[PDB]
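We've got the same protein chain twice here, in two forms, each standing alone as structure tokens: structure 1 and structure 2.
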Structure 1
């Protein structure tokens, strides 16, 4: 059965937070608001009156999944033999092992919470208590990004896209991290106009922030300055030296990043959307997160001033 019994919930809270956990609450609702992913979320009222979310993991989930990962690795071994993409295996081992210890995502969320405290554009729920199998955070509600994808005014969609773009370009500058690969479930629209970010399970660390070579590359690509574009690309890791590349192939490569900054306000959309081999990680991560944000923006059909935000936040993009 999907919902875990109250006794087991109390057992988890006892094992993780102690037998006196109830003293930290003004109230605690023993029936789960959500209950799917090897565990469930409860709503409660903390001692100071703040509404709180309490994520609690199923007791047997840990070892079960730990065995299952080894299992899937082999089975695909057999598959590798049978028909020569296992990156999927790496990828979901990586995403799954995050859930074995909530403290990881909790720490990422802490980082973003301090970095974006009292920010006029972003809202991050504060981590109140953290344990391997239990994590308590501030309850935060607003219009989910999925809802805004399906319905809602163009103004709202443009706002969400703008917020996500600002998050993508601005995160590595504020703290040496990126929010990572996201889906619209991670975001919501608060009444005051801020974007709420409530999932940090795929946060990517990025020491030093964006390499200036990115902004340089996109800028020079827009300016058609090939003679200075190519060396900056070879320096960025975009290209290898001694590589026969056609100029189109370059354009083909960079249009995904250059087209939105050709104009003052670019209209992200699905239709436009339709159209790493020894890379350095400090280049590979930005491209992937940016791709994520672009996909979401196209889902939002958002009109985003990417040129201004880049110019302000992306190193090396501003005119020299």
Structure 2
């Protein structure tokens, strides 16, 4: 944990030496760790409870040193695997590090989601109050952490958090041509009015034009065992009949029933065996399935997909 003197020195550099005057209250004992910082709770001068996310001063050096080590270690392998896009992975980690070290980018992403979900009946996104490279101040989100609901939730709380996460994942692309790109339970909470609180916009996925109708079509045709129209749809949108059925199961099986019971045993079943356009999106969809499985959530996936997934209806 970054000690109080150092926390204050970051805020001095980022917000000015009179930063403490912008608050009514600021608690020096952080309430949570972040990837490369820690989160404090305070109260803004206007009485709003706030989250203050503060980057560790040594984070940039530590992440950069690690990128240089990865670059040296992979250079070794490029002479063995000259086909492997190893330089592309290191370039991607470099770009993701630059993004994470500038909390203005997460704050911009959060403002876009806050506007898209303004007055949403199902989703609460905290307003950004202040943003700087190493400090983000947003509205405190009060609710039960998804991690608590996974461990000790009522069935109703579990089902609601899976249903909300499903609606966020399927719906965000039609609403603002992006996905929330990190389905980890630390990013979510259950508000007492039934909304799901959504935080951490460091990792959004752009999806301009939204999901391609080909995604919904592909699940609709696979459910319908319409293999004559499916394989041609699946080749065009980028083969045993068993193998397709197998790779589509975690997507098809839940929309064959009005209400699917996601669970860890079923996940481990669908697993076990024997195009960057959508690549990240399909990863976030699988991440949402996995979280629904840890929640043990009963989810009406069929109606949500019918309403929000192009070509499924």
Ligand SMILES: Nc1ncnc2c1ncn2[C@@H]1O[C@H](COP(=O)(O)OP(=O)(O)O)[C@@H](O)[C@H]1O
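Residue numbers count along the first chain shown, from 1. For clarity, a rigid core is taken as the largest C-alpha set superposing within 1.5 Å between two forms.
Of the two forms shown, the form solved in complex with the ligand is structure 2. Large C-alpha shift between structure 1 and structure 2, rigid core held fixed: of 158, 216, 99, 166, this applies to 99 alone, with a displacement of 2 Å or more. Core-superposed comparison between structure 1 and structure 2: the CA of residue 255 stays below a 2 Å shift. Residue displacement note: residue 38 has its CA displaced by at least 2 Å between structure 1 and structure 2 (rigid core superposed). Relative to the superposed core, residue 15 shifts its CA atom by 2 Å or more between structure 1 and structure 2.
On core superposition, residue 90 has its C-alpha offset by 6.7 angstrom between structure 1 and structure 2. Lined up on the core, residue 114 has its CA atom moved by 0.4 Å between structure 1 and structure 2.
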